[PDB]
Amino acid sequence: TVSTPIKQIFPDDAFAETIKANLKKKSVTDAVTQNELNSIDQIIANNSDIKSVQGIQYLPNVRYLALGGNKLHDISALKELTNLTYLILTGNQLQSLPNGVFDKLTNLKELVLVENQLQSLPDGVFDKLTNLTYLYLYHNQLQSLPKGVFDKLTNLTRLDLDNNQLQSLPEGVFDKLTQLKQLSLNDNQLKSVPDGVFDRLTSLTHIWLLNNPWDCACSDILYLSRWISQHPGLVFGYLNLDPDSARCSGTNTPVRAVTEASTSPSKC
């Protein structure tokens, strides 16, 4: 039975110190076994200067991993942690995600990728995550989304895309999300949304639409204008309801108050 110092298994000094604390050991030099590592079901290591989680491959049973406010660039080492069910990576430095990095993480229920510097999502990056409930992607730099990116997420109840740089949404992007309760699209660069884009959202209770440059002169605005008018009890500002918070670029008047007469197909 091999007995190896925590520091040799986890070469990042900060992550070694996390593991020593987790196992209530007195020193990062202390020799540990695979059996002890199998006993770890959670890691909570916020704001801990962690640059690499190399070594975490040897924690097969970890189901809850909270790594906010570190310095991570790479999450390769998480790929075969098949019991992972909450993964919180807020405030790291992941700038791109490998295709399929989440493929084996089939028990994920909450995935938090906030404040990373994501500029694109791979096609199908979430396809294997059929049990996902909360997907948080806010405060990134996404300019567009792949077609069908959310399609396998049938149990999704919250999808936060706020504070990105989204220029448009793909048609039908939300069609498969019939259990979706919350959707945030505020603080983006949306001018319009596609005809019909919210129509399958039968279980929606909150949507946020503020701080987008909505193009109220163009006639593609009419779906959104009519949809807000028909669903004002779902449209939230920061705090509470606010169906007027979706504002027309320039004039700053409410999108929901646009008339067919004031628009024109020639402005698109």
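We number the residues from 1 along the sequence you see.
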property: Mean C-alpha temperature factor, higher of 172-180 and 111-119; result: 172-180
property: Which of 220-228 and 64-72 has higher mean CA B factor, as the PDB entry lists it; result: 220-228
property: Residue selected from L185, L159, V197, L153 by maximal Cα B factor; result: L153
property: For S27, the third of its chain into which the C-alpha B factor falls; result: middle
property: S245 by Cα B-factor - lowest, middle or highest third of the modelled chain; result: middle
property: Chain third (lowest, middle, highest) by recorded CA B-factor, residue given as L210; result: middle
property: CA B-factor ranking of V258, expressed as a third of its chain; result: highest
property: Cα B factor band for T90 (lowest, middle or highest third within the chain); result: lowest
